[PDB]
Amino acid sequence: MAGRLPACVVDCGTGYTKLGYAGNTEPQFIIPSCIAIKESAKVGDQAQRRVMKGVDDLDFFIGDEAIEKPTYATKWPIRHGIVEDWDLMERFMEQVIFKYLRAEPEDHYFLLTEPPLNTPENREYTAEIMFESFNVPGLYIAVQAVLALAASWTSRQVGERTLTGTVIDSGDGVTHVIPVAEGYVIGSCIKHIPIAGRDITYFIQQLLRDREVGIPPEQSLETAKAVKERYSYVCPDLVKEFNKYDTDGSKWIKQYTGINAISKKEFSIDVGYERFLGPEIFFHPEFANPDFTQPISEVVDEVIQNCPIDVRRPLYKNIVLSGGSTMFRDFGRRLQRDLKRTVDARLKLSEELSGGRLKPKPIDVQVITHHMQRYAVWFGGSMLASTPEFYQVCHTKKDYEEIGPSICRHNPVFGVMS
Amino acid sequence: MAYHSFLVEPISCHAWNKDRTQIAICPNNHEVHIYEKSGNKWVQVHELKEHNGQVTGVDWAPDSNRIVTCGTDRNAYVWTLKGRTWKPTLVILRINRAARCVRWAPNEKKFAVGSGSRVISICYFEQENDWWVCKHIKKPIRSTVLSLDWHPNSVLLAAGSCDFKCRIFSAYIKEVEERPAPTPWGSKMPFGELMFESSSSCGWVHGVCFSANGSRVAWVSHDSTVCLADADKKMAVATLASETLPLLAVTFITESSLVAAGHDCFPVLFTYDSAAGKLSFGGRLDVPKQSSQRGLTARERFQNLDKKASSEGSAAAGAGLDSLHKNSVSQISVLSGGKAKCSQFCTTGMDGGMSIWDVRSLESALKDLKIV
Amino acid sequence: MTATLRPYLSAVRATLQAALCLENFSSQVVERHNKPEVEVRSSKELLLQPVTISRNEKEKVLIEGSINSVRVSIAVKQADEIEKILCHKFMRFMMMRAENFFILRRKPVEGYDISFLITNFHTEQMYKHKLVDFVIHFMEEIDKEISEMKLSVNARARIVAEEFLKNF
Amino acid sequence: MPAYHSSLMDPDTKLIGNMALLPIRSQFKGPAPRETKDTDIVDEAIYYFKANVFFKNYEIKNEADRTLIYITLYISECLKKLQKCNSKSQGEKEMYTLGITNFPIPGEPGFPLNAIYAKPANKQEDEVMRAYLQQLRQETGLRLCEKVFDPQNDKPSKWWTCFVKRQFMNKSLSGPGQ
Amino acid sequence: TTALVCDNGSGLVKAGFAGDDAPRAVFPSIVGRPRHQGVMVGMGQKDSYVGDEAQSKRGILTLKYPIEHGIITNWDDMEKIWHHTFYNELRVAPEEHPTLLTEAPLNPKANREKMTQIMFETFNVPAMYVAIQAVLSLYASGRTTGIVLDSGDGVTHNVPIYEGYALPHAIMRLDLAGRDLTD
Amino acid sequence: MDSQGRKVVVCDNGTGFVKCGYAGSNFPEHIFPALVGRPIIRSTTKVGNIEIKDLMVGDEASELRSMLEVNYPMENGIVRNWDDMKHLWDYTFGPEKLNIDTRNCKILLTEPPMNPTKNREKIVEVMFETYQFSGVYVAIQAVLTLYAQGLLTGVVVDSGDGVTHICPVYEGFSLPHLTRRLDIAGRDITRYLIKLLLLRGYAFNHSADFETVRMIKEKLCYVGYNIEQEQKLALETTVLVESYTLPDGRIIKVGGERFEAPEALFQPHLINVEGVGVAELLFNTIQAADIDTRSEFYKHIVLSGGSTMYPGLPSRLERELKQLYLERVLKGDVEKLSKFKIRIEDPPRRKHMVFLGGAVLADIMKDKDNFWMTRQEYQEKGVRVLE
């Protein structure tokens with residue numbers, strides 16, 4: 001199924017965009033959502049207005065290499081209170097498509113991604129653009145998790161055979177949880193978790209004041225991550241853990257080396273405590289959100305309490321994970337074991353009634369466990385859009401005509417719905 | 001003469017003790033405080049809330065000090081100053097949705113009413129109810145009341161209606177009254193009966209006013225007819241409409257001259273004799289409480305880099321009207337000397353201020369009427 | 001200057017002086033929650049006339065009025081696709097910004113080219129006649145701006161070879 | 001998320017005014033009896049301050065938590081001179097000072113802690129209190145200084161000494177510069 | 001509620017809030033540690049004293065003034081005057097708002113970025129502006145075309161405008177206002 | 001009556017408010033939110049210096065939010081503690097709410113249908129370990145509506161924040177095996193409603209904030225009547241939307257949810273937790289109602305409380321209940337739809353009848369140990385306290 005060419009996925013991330021090509025098995029790209037323009041504001045000389053005539057008056061560059069551009073402010077059409085430059089996002093994507101990808105959007109088909117909390121106008125004005133600028137034969141803008149559904153059936157061994165269970169999802173501007181049963185869910189029981197990796201990595205920029213030095217204060221954040229991810233973990237008690245680093249050699253007290261990019265020459269710098277000290281925000285979303293702190297474990301409970309009884313056996317039978325932020329090493333094991341102990345504790349209240357009767361009916365327990373959680377989501381996303389099922393139920397151009405051009409001032413939803 | 005808004009209330013109505021000292025108000029929404037004539041300053045005197053249907057009209061019986069309260073709930077009461085505060089004392093009705101206006105049978109016998117429910121809930125006191133009770137003129141009426149005026153004999157009544165048809169009625173109640181004197185308009189005078197009509201369905205009748213003894217009556221609609229019926233011209237009638245912006249109010253100030261006011265905010269005079277349909281004006285009455293010397297160039301400069309309404313015009317000298325006439329004026333009344341010999345008069349507005357006025361400069365004429 | 005525009009908009013503002021009516025009532029038979037009164041008009045005698053007012057031969061206004069709330073719609077001489085669909089790249093753009101100014105009957109209504117929903121609330125909200133002395137005339141100025149976009153867009157036509165060929 | 005939540009609220013808790021009277025290891029003088037050398041309420045403050053200080057509000061339960069205010073913030077009040085003690089020797093001076101330099105008190109307004117603590121409704125509520133603090137203050141100085149350091153045989157510890165102005169709720173008892 | 005507005009420069013201190021008719025922080029721009037021996041127990045002190053407190057201790061104090069070439073130079077010199085200024089003079093959270101700071105031109109450059117590292121990576125403030133110091137006069141005077149003079153103590157400027165167009169060749173701007181004539 | 005106006009009391013144990021006073025007071029002569037709390041944490045800052053108080057109840061608890069650990073230990077507006085209730089009771093006896101003592105005295109209160117009364121009995125035994133009245137009265141919650149007017153038939157109907165009730169009645173007998181209620185009102189509607197607001201970016205912490213909807217819900221909220229024409233209008237016009245200052249300052253912007261949150265009443269599947277809602281339940285209720293009763297019920301069914309002082313929804317219900325009738329049952333006959341006389345059934349008195357519904361019994365019952373249940377019949381270990 002095709003225009004002249006079949007469907008493909010872009011996952012339009014609010015840090016980096018990701019994509020691959022028809023026939024591959026990975027995102028070929030996971031890349032900076034960034035673009036550089038001079039905004040040094042001395043607006044002067046030879047003046048002119050009200051005339052869109054041929055130009056000598058534009059100075060702009062896009063993508064990862066636009067990060068190098070001087071006086072050019074490398075802005076990010078990621079979504080972060082900045083939202084309005086969905087205006088630039090068109091011209092930006094026109095570059096991406098026709099000039100980086102070097103492709104043809106009127107011949108291919110497409111699948112593209114949105115957050116749950118999206119408003120209409122910013123998309124729907126871009127729908128004239130999708131079908132008059134980009135003039136696509138067909139597309140749809142799915143909620144971002146729709147791509148991850150394919151990975152859950154890329155895993156496909158015996159028992160992969162119903163839509164009841166629970167994904168836990170995490171990321172850099174966003175984290176998510178969702179009470180899916182055969183696709184259905186409840187508003188205040190789906191969870192939209194705002195606490196995310198931005199909010200950590202600047203806190204880590206303050207941990208620099210514990211130990212280490214010699215950096216441009218924006219290569220500072222770069223280096224902080226370039227350490228972090230390979231070495232950081234969780235401890236059972238702080239006050240044990242101090243003394244390993246205090247004493248017990250380089251298996252604790254590692255050292256790292258790199259470059260003072262003030263003029264690109266070396267620094268050699270500490271590692272230690274900062275490893276176990278970094279990650280703890282899952283148990284402590286107060287670090288990002290001291291105004292509404294609630295930890296991983298309590299937040300899990302704050303969903304299950306809605307999810308009634310007969311589902312909780314399936315929840316047992318069928319917890320699930322999402323994103324690189326849920327491939328992590330034994331933080332989840334530590335958590336799981338204690339969160340299991342927490343449901344066990346919460347359950348045994350019931351010893352009130354029938355006394356010491358103390359026994360579970362045999363349930364089941366298993367969860368997702370792989371590095372493949374990173375690479376599958378373009379491949380499965382492109383396969384999804386490539387199902388022949390997709391092409392008519394995704395918005396074709398006339399589905400768009402009968403959704404936008406024919407509709408907003410002429411029964412938007414006939415009113416609200418009536 | 002003089003003005004001030006001690007605080008900027010949307011004074012939606014005003015009322016008093018007969019010495020015009022304690023100002024009660026219809027407020028924003030459902031939140032009343034009464035203020036008082038602190039010499040000529042205005043200072044709070046009460047908090048009221050328990051008539052919860054916003055406020056609409058009232059009838060403060062101003063000697064006896066009995067605010068029959070009205071608005072968007074049947075928690076409608078004689079508020080009376082219990083020495084402590086003005087406080088409720090319930091009325092029973094068979095209106096629905098609201099009460100807009102209420103009206104003592106002039107000798108304070110009872111009051112007439114204007115319902116959220118097509119009707120005159122003719123309400124009469126029971127010691128036996130501990131409260132009022134009512135009976136209803138649901139018919140021969142078709143739709144409800146905006147304005148009210150008893151003829152001075154106090155069992156005889158005029159009204160302005162959302163049933164339009166400019167009708168004269170009787171509403172005697174056996175368990176509080178006896179039927180009135182042979183009314184020349186029509187003298188079938190029990191409960192709910194119709195004395196007379198002028199064929200005018202001509203807008204919803206919006207103001208009704210007897211002459212200084214009610215030998216004739218005026219009306220206006222909000223569609224801004226101006227009109228009369230005179231009995232001694234043998235049940236004669238008159239009608240006209242204004243030139244100017246649509247009516248807020250009208251009153252007789254004699255038997256031959258009247259003050260009118262509309263969305264022009266300034267009052268205009270009317271004049272007459274007895275020439276049936278010969279309704280006639282007398283021009284704008286006021287002079288502004290302002291003069292051209294106003295200005296502050298520094299803030300005019302600061303907020304011509306910013307630009308909110310920053311292209312000037314004397315409309316702004318009345319916050320859009322000119323004449324200092326604001327977002328809007330909202331009411332008019334005589335203070336003293338009355339509908340014969342007035343010494344002072346007053347007006348309210350959206351600005352929340354007291355205002356009092358230049359009367360006797362216009363005293364400059366003698367006698368009226370001509371049997372035509 | 002187009003000077004019968006003066007008779008035209010002086011007579012508009014004479015209508016909007018004869019009939020600056022809009023003031024409130026709530027209920028007397030049905031509920032207190034004041035409505036789009038101009039839409040929900042049941043009967044005549046309480047209310048303003050329904051009206052329409054040509055400037056010439058294509059151009060006209062509709063005004064329609066409950067005693068408390070009002071419609072306007074206005075019609076323009078222009079009829080080329082190059083007049084219409086191009087300014088309708090804007091009249092698309094326009095309508096979310098109607099949500100930032102609250103009194104559009106938010107569509108580029110045909111027979112006319114637009115419509116408006118007007119109500120008594122505004123009469124209590126800030127100001128007096130400077131309001132309509134702005135509005136009625138601002139409404140011309142946003143038409144004179146079409147001349148502004150005109151040379152703008154025609155100069156976008158002057159983008160053409162001024163890029164592609166003028167590269168060489 | 002809870003602290004190492006205080007196990008040292010006890011049935012033994014009598015009060016001076018709003019706040020605890022107990023047999024507890026405070027090495028200096030005031031109207032508290034004592035205890036063994038122990039990882040007590042002041043390690044529920046200190047050893048686990050590497051849990052506590054990063055909080056910006058908390059599930060208190062009692063009088064001893066109203067007290068633990070000081071027992072935990074007075075940690076970061078020490079750090080405001082430990083930095084100048086870049087060798088411990090200067091802190092080996094201040095191990096006189098702490099039990100000398102007593103803090104502001106209830107029944108004073110401007111002092112805000114009458115939001116929690118009880119005024120001297122009698123003067124005894126100050127009389128007993130005043131001595132009551134001296135013990136605690138030099139107890140803290142001792143325990144910190146002797147746990148952490150020897151002049152430059154050991155060293156300062158910015159990797160948690162930096163919490164000096166990064167407090168629980170980022171609040172303080174008193175000492176804003178140094 | 002409001003964002004702070006300040007003569008963060010030479011002279012007298014002159015600072016308050018946006019929308020005031022006046023500053024309220026007004027005192028000497030001074031650094032003031034002692035030198036003489038810490039004698040009379042009962043006297044009990046910290047290390048240094050600012051402007052009014054420099055006066056209050058003056059006989060004892062090494063009193064110093066950061067304003068080299070008109071530049072209130074070192075960062076440490078301000079930081080506790082700053083601490084004072086907000087928390088104690090103004091009794092204010094600097095975090096409460098953006099802030100209208102100011103500058104003159106013709107400073108060495110990275111200066112401002114070092115200052116900002118303080119004003120944010122010390123003082124954390126939501127946002128700021130650093131308005132060029134002739135500009136401040138324009139609302140006050142109402143003017144837009146004319147000549148703008150400046151002379152207090154510690155910077156001269158003399159700026160032409162004709163609806164702006166402040167002239168890089170024809171401006172005059174200098175290391176002090178009224179200062180060393182006293183010498 | 002046969003003795004002083006003191007020494008007997010009436011009280012609504014209501015879920016939004018408690019409304020209480022000496023029996024035959026003008027109103028429930030004190031009213032307070034059903035709130036309690038005792039200190040915790042709110043500030044994070046050096047402010048307040050307060051001294052004046054610790055614990056609070058009701059009208060004095062209002063200001064404090066998380067300065068108190070507030071609680072409502074509850075399911076269905078039915079409590080699951082014994083003791084903070086005590087500290088409330090102990091508070092109420094002051095001019096605080098009542099100015100009373102109890103042994104010397106008697107009181108009128110209410111009971112849930114299917115109260116698991118063993119817990120009432122334990123409480124009553126504690127009350128008769130403490131407040132120890134000379135006599136007492138308790139009756140099923142809805143019954144006390146029919147008292148100002150002596151009424152006998154219909155369905156008896158209630159709502160507010162915590163719960164809703166639906167008692168089928170004839171000759172004063174509720175039909176018990178046939179009876180209905182609904183186990184909620186505005187509380188979790190506010191959870192759902194505030195879920196809408198997160199999505200607008202109003203992601204505000206509930207823990208300090210949920211009860212803000214209460215301010216407007218109490219002071220200001222409504223229902224329309226035209227409502228399907230109102231759906232048509234709302235998106236087509238757009239300009240019919242609203243907003244308000246959160247009184248910390250913030251004007252926040254608010255659509256139909258103001259009174260579209262009520263649509264979850266009539267379509268609980270709004271919340272995805274399914275439902276045909278209370279208006280279909282009502283159809284089913286009157287389908288179960290017999291020929292005469294259902295026909296009378298065109299103008300003969302009964303309502304209660306401040307939660308019924310409500311515009312437009314009554315009108316929309318009869319607008320609606322001409323339909324399902326005609327549709328499903330007349331199956332296209334129409335000629336009598338008004339000839340089924342229809343007059344409305346929720347008057348201004350529904351305001352005060354929260355307690356004045358009870359008070360009109362005491363007006364004929366204070367002298368009646370025919371009515372008074374007793375402390376003695378608890379002390380007996382008697383099978384219930386009642387005559």
# chains A, B, ... in the order shown; residues from 1 in each chain; ligands from 1

call {"tool": "interface_residues", "arguments": {"of": "chain F", "to": "chain B", "cutoff": "10 Å", "atoms": "only C-alpha atoms", "output": "MDAnalysis selection string"}}
result
chainID F and resid 219:220 309 311 347:349 351

call {"tool": "select_by_dssp", "arguments": {"residues": "segment 100-305 of chain F", "states": "alpha helix (DSSP H)", "output": "MDAnalysis selection string"}}
result
chainID F and resid 118:127 186:199 212:219 227:237 257:260 263:266 277:288 291:296

call {"tool": "residues_around", "arguments": {"residues": "residue 347 of chain B", "least_positions_apart": "3", "cutoff": "7 Å", "atoms": "only C-alpha atoms", "output": "list in words"}}
result
residues 331, 332, 333, 354, 355 and 356 of chain B

call {"tool": "write_last_selection", "arguments": {"atoms": "N, CA, C and O atoms", "output": "PDB file, in the first residue's frame"}}
result
ATOM      1  N   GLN B 331     -29.349  56.076  37.138  1.00  0.00           N
ATOM      2  CA  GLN B 331     -30.646  56.468  37.735  1.00  0.00           C
ATOM      3  C   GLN B 331     -30.761  57.989  37.981  1.00  0.00           C
ATOM      4  O   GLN B 331     -29.749  58.689  38.020  1.00  0.00           O
ATOM      5  N   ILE B 332     -31.980  58.485  38.217  1.00  0.00           N
ATOM      6  CA  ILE B 332     -32.310  59.887  38.541  1.00  0.00           C
ATOM      7  C   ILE B 332     -33.384  59.957  39.638  1.00  0.00           C
ATOM      8  O   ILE B 332     -34.259  59.089  39.691  1.00  0.00           O
ATOM      9  N   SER B 333     -33.352  60.989  40.486  1.00  0.00           N
ATOM     10  CA  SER B 333     -34.449  61.324  41.414  1.00  0.00           C
ATOM     11  C   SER B 333     -34.403  62.784  41.897  1.00  0.00           C
ATOM     12  O   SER B 333     -33.349  63.417  41.910  1.00  0.00           O
ATOM     13  N   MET B 354     -22.438  59.320  44.263  1.00  0.00           N
ATOM     14  CA  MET B 354     -23.462  60.327  44.533  1.00  0.00           C
ATOM     15  C   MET B 354     -23.311  61.457  43.520  1.00  0.00           C
ATOM     16  O   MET B 354     -22.181  61.834  43.228  1.00  0.00           O
ATOM     17  N   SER B 355     -24.414  62.023  43.034  1.00  0.00           N
ATOM     18  CA  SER B 355     -24.402  63.308  42.338  1.00  0.00           C
ATOM     19  C   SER B 355     -25.654  64.106  42.647  1.00  0.00           C
ATOM     20  O   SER B 355     -26.740  63.535  42.652  1.00  0.00           O
ATOM     21  N   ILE B 356     -25.527  65.419  42.802  1.00  0.00           N
ATOM     22  CA  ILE B 356     -26.618  66.345  43.124  1.00  0.00           C
ATOM     23  C   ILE B 356     -26.504  67.605  42.262  1.00  0.00           C
ATOM     24  O   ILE B 356     -25.422  67.901  41.750  1.00  0.00           O
TER      25      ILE B 356
END

call {"tool": "select_by_dssp", "arguments": {"residues": "segment 46-186 of chain F", "states": "strand (DSSP E or B)", "output": "VMD selection string"}}
result
chain F and resid 56 to 57 68 to 70 74 to 75 78 to 79 106 to 111 135 to 140 154 to 158 164 to 170 173 to 174 180 to 182

call {"tool": "atom_distance", "arguments": {"atom1": "atom CA of residue 68 of chain D", "atom2": "atom CA of residue 41 of chain D"}}
result
7.7 Å

call {"tool": "closest_atom_pairs", "arguments": {"of": "chain A", "to": "chain C", "cutoff": "7 Å", "atoms": "only C-alpha atoms", "output": "JSON lines"}}
result
{"residue": "A:50", "atom": "CA", "partner": "C:152", "partner_atom": "CA", "distance": 4.5}
{"residue": "A:51", "atom": "CA", "partner": "C:152", "partner_atom": "CA", "distance": 4.0}
{"residue": "A:52", "atom": "CA", "partner": "C:156", "partner_atom": "CA", "distance": 4.1}
{"residue": "A:53", "atom": "CA", "partner": "C:159", "partner_atom": "CA", "distance": 4.1}
{"residue": "A:54", "atom": "CA", "partner": "C:159", "partner_atom": "CA", "distance": 3.8}
{"residue": "A:409", "atom": "CA", "partner": "C:107", "partner_atom": "CA", "distance": 6.2}

call {"tool": "write_last_selection", "arguments": {"atoms": "N, CA, C and O atoms", "output": "PDB file, in the first residue's frame"}}
result
ATOM      1  N   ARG A  50       6.017  45.612   3.867  1.00  0.00           N
ATOM      2  CA  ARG A  50       4.788  45.389   3.044  1.00  0.00           C
ATOM      3  C   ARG A  50       5.068  44.901   1.598  1.00  0.00           C
ATOM      4  O   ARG A  50       4.331  45.171   0.664  1.00  0.00           O
ATOM      5  N   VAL A  51       6.173  44.187   1.370  1.00  0.00           N
ATOM      6  CA  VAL A  51       6.660  43.821   0.021  1.00  0.00           C
ATOM      7  C   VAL A  51       7.460  42.517   0.088  1.00  0.00           C
ATOM      8  O   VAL A  51       8.618  42.516   0.510  1.00  0.00           O
ATOM      9  N   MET A  52       6.889  41.392  -0.336  1.00  0.00           N
ATOM     10  CA  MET A  52       7.514  40.068  -0.221  1.00  0.00           C
ATOM     11  C   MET A  52       8.391  39.662  -1.431  1.00  0.00           C
ATOM     12  O   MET A  52       8.593  38.486  -1.717  1.00  0.00           O
ATOM     13  N   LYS A  53       8.941  40.668  -2.125  1.00  0.00           N
ATOM     14  CA  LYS A  53       9.862  40.607  -3.283  1.00  0.00           C
ATOM     15  C   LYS A  53      11.134  39.815  -2.990  1.00  0.00           C
ATOM     16  O   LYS A  53      11.498  39.627  -1.833  1.00  0.00           O
ATOM     17  N   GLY A  54      11.863  39.417  -4.034  1.00  0.00           N
ATOM     18  CA  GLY A  54      13.081  38.612  -3.920  1.00  0.00           C
ATOM     19  C   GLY A  54      14.131  39.188  -2.952  1.00  0.00           C
ATOM     20  O   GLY A  54      14.468  40.373  -3.015  1.00  0.00           O
ATOM     21  N   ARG A 409     -16.343  25.569  10.596  1.00  0.00           N
ATOM     22  CA  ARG A 409     -17.388  26.601  10.596  1.00  0.00           C
ATOM     23  C   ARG A 409     -18.731  26.082  10.085  1.00  0.00           C
ATOM     24  O   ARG A 409     -19.666  26.848   9.866  1.00  0.00           O
TER      25      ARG A 409
END

call {"tool": "interface_residues", "arguments": {"of": "chain E", "to": "chain D", "cutoff": "9 Å", "atoms": "only C-alpha atoms", "output": "ChimeraX atom specification"}}
result
/E:46,80,83

call {"tool": "closest_residue", "arguments": {"among": "A:291, A:114, A:301, A:402", "to": "chain F", "atoms": "only C-alpha atoms"}}
result
A:291

call {"tool": "closest_atom_pairs", "arguments": {"of": "chain D", "to": "chain F", "cutoff": "8 Å", "atoms": "only C-alpha atoms", "output": "tab-separated table"}}
result
residue	atom	partner	partner_atom	distance
D:56	CA	F:44	CA	6.5
D:57	CA	F:44	CA	6.1
D:58	CA	F:41	CA	6.8
D:59	CA	F:40	CA	7.0
D:60	CA	F:40	CA	6.5
D:61	CA	F:40	CA	7.6
D:109	CA	F:49	CA	7.4
D:110	CA	F:49	CA	7.9
D:111	CA	F:49	CA	7.7
D:112	CA	F:49	CA	4.5
D:113	CA	F:49	CA	6.0
D:114	CA	F:49	CA	5.2
D:115	CA	F:49	CA	4.2
D:116	CA	F:51	CA	7.1
D:117	CA	F:51	CA	7.9
D:118	CA	F:51	CA	7.5
D:169	CA	F:44	CA	5.4
D:171	CA	F:45	CA	7.0

call {"tool": "closest_atom_pairs", "arguments": {"of": "chain B", "to": "chain E", "cutoff": "12 Å", "atoms": "only C-alpha atoms", "output": "Markdown table"}}
result
| residue | atom | partner | partner_atom | distance |
| --- | --- | --- | --- | --- |
| B:296 | CA | E:142 | CA | 11.6 |
| B:297 | CA | E:142 | CA | 8.4 |
| B:298 | CA | E:142 | CA | 6.3 |
| B:299 | CA | E:142 | CA | 8.9 |
| B:300 | CA | E:142 | CA | 9.2 |
| B:301 | CA | E:142 | CA | 5.9 |
| B:302 | CA | E:139 | CA | 6.0 |
| B:303 | CA | E:139 | CA | 9.7 |
| B:304 | CA | E:142 | CA | 10.1 |
| B:305 | CA | E:139 | CA | 9.2 |
| B:306 | CA | E:139 | CA | 11.5 |

call {"tool": "closest_residue", "arguments": {"among": "F:143, F:194, F:342, F:169", "to": "chain A", "atoms": "only C-alpha atoms"}}
result
F:194

call {"tool": "closest_atom_pairs", "arguments": {"of": "chain F", "to": "chain A", "cutoff": "7 Å", "atoms": "only C-alpha atoms", "output": "CSV"}}
result
residue,atom,partner,partner_atom,distance
F:192,CA,A:188,CA,6.7
F:195,CA,A:188,CA,5.9
F:199,CA,A:117,CA,5.1
F:205,CA,A:292,CA,6.3
F:228,CA,A:418,CA,6.3
F:231,CA,A:416,CA,5.2
F:232,CA,A:415,CA,3.6
F:233,CA,A:415,CA,5.8
F:234,CA,A:415,CA,5.9
F:235,CA,A:415,CA,4.4
F:236,CA,A:415,CA,5.2
F:271,CA,A:186,CA,6.6
F:272,CA,A:186,CA,5.8

call {"tool": "residues_around", "arguments": {"residues": "segment 211-215 of chain F", "least_positions_apart": "2", "cutoff": "9 Å", "atoms": "only C-alpha atoms", "output": "list in words"}}
result
residues 186, 187, 190, 193, 194, 206, 207, 208, 209, 217, 218, 219, 220 and 246 of chain F

call {"tool": "write_last_selection", "arguments": {"atoms": "N, CA, C and O atoms", "output": "compact mmCIF listing (two decimals), in the first residue's frame"}}
result
# COMPACT_ATOMS: atom_id res chain seq x y z
N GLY F 186 -21.04 15.81 43.95
CA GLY F 186 -19.98 16.71 43.47
C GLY F 186 -18.50 16.42 43.81
O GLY F 186 -17.63 16.99 43.15
N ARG F 187 -18.17 15.55 44.78
CA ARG F 187 -16.79 15.23 45.18
C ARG F 187 -15.98 14.67 44.02
O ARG F 187 -15.16 15.35 43.43
N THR F 190 -15.67 16.57 40.96
CA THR F 190 -14.56 17.51 41.03
C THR F 190 -13.23 16.84 40.69
O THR F 190 -12.43 17.47 40.00
N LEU F 193 -13.61 16.59 36.80
CA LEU F 193 -13.62 17.96 36.30
C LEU F 193 -12.21 18.54 36.34
O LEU F 193 -11.75 19.09 35.35
N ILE F 194 -11.49 18.39 37.45
CA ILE F 194 -10.12 18.89 37.56
C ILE F 194 -9.16 18.11 36.66
O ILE F 194 -8.18 18.68 36.17
N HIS F 206 -4.09 19.56 43.48
CA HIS F 206 -5.21 18.95 44.20
C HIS F 206 -5.16 19.00 45.73
O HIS F 206 -6.08 19.52 46.36
N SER F 207 -4.06 18.53 46.33
CA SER F 207 -3.82 18.49 47.77
C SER F 207 -4.03 19.84 48.46
O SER F 207 -4.44 19.89 49.62
N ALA F 208 -3.77 20.92 47.74
CA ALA F 208 -3.98 22.30 48.17
C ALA F 208 -5.10 23.01 47.39
O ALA F 208 -5.40 24.17 47.69
N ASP F 209 -5.74 22.34 46.43
CA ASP F 209 -6.45 23.01 45.34
C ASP F 209 -7.83 22.46 44.99
O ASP F 209 -8.65 23.23 44.49
N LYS F 217 -18.60 26.26 42.80
CA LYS F 217 -19.68 25.27 42.86
C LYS F 217 -20.75 25.67 43.88
O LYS F 217 -21.94 25.50 43.63
N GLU F 218 -20.33 26.26 44.99
CA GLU F 218 -21.22 26.77 46.02
C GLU F 218 -21.73 28.17 45.73
O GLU F 218 -22.92 28.44 45.80
N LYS F 219 -20.82 29.10 45.43
CA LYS F 219 -21.15 30.52 45.29
C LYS F 219 -21.90 30.82 43.99
O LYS F 219 -22.73 31.72 43.97
N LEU F 220 -21.58 30.12 42.90
CA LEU F 220 -21.71 30.65 41.53
C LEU F 220 -22.25 29.67 40.46
O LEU F 220 -22.82 30.14 39.47
N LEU F 246 -9.23 32.78 40.12
CA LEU F 246 -8.80 32.07 41.31
C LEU F 246 -8.37 33.16 42.30
O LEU F 246 -7.48 33.92 41.94

call {"tool": "closest_atom_pairs", "arguments": {"of": "chain A", "to": "chain E", "cutoff": "12 Å", "atoms": "only C-alpha atoms", "output": "Markdown table"}}
result
| residue | atom | partner | partner_atom | distance |
| --- | --- | --- | --- | --- |
| A:42 | CA | E:165 | CA | 11.7 |
| A:44 | CA | E:165 | CA | 10.4 |
| A:45 | CA | E:165 | CA | 11.5 |
| A:202 | CA | E:121 | CA | 11.5 |
| A:205 | CA | E:121 | CA | 10.7 |
| A:206 | CA | E:121 | CA | 9.6 |
| A:209 | CA | E:121 | CA | 11.5 |
| A:216 | CA | E:113 | CA | 11.8 |
| A:217 | CA | E:117 | CA | 9.2 |
| A:218 | CA | E:117 | CA | 11.9 |

call {"tool": "residues_around", "arguments": {"residues": "segment 101-105 of chain B", "least_positions_apart": "5", "cutoff": "10 Å", "atoms": "only C-alpha atoms", "output": "VMD selection string"}}
result
chain B and resid 56 to 61 67 to 71 110 to 115 145 to 157
